[PDB]
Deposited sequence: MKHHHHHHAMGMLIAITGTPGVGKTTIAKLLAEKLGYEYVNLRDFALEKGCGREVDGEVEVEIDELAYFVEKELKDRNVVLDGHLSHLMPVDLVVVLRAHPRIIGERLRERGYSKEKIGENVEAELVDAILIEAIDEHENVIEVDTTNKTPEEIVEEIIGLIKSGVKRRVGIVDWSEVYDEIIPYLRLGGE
């Protein structure tokens, strides 16, 4: 079983994927490292090279030929706070917060794959989240999408958005 863990930068892909590999007893693989060590990166090339029981970590993981995609979501304010913590520029932060707001990755994943499970991480510990994913795979559910609408929180993410004229 090949599971992609994808979502906006800062959403918790790495945290959740590592914990998931541990709890399911699968192997954890970070996509960046993999791409570098197998030699800008070409997506077709990467897709060949990926192609075990693997939790695959990256925001490009949904463009790879996996068995299941897990799209992690988070309130775009959380994305903003985390990307400020990383030291991203104001514009890069705004761009990513907006990407989360408009479901950019989700839209990509549903376009690429049939089995897409969307998970809202908001106000959850990594443990609660991994157990949620597990309960779903075990259920087993192949597809769940359309479970967050961040337009509903729009006023709260305004300070992070690229609004200046």
Quick one: where does the model skip the deposited sequence? 1-11, 51-59, 72-76, 191
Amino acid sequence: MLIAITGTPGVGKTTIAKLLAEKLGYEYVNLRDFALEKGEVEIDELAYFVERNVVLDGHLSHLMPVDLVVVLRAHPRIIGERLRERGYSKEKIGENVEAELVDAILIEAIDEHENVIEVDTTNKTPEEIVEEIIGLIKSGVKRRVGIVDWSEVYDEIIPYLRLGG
From here on, numbers count along this sequence of modelled residues.
Out of 11-19 and 147-155, which stretch has the higher average CA B-factor listed in the record? 11-19
For the higher mean C-alpha B factor in the entry, choose 1-9 or 156-164. 1-9
Comparing C-alpha B-factors across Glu118, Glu51, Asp111, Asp103 in this entry, the winner is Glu51
Between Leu31, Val97, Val69, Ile107, let me know which has the highest C-alpha B-factor in the entry? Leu31
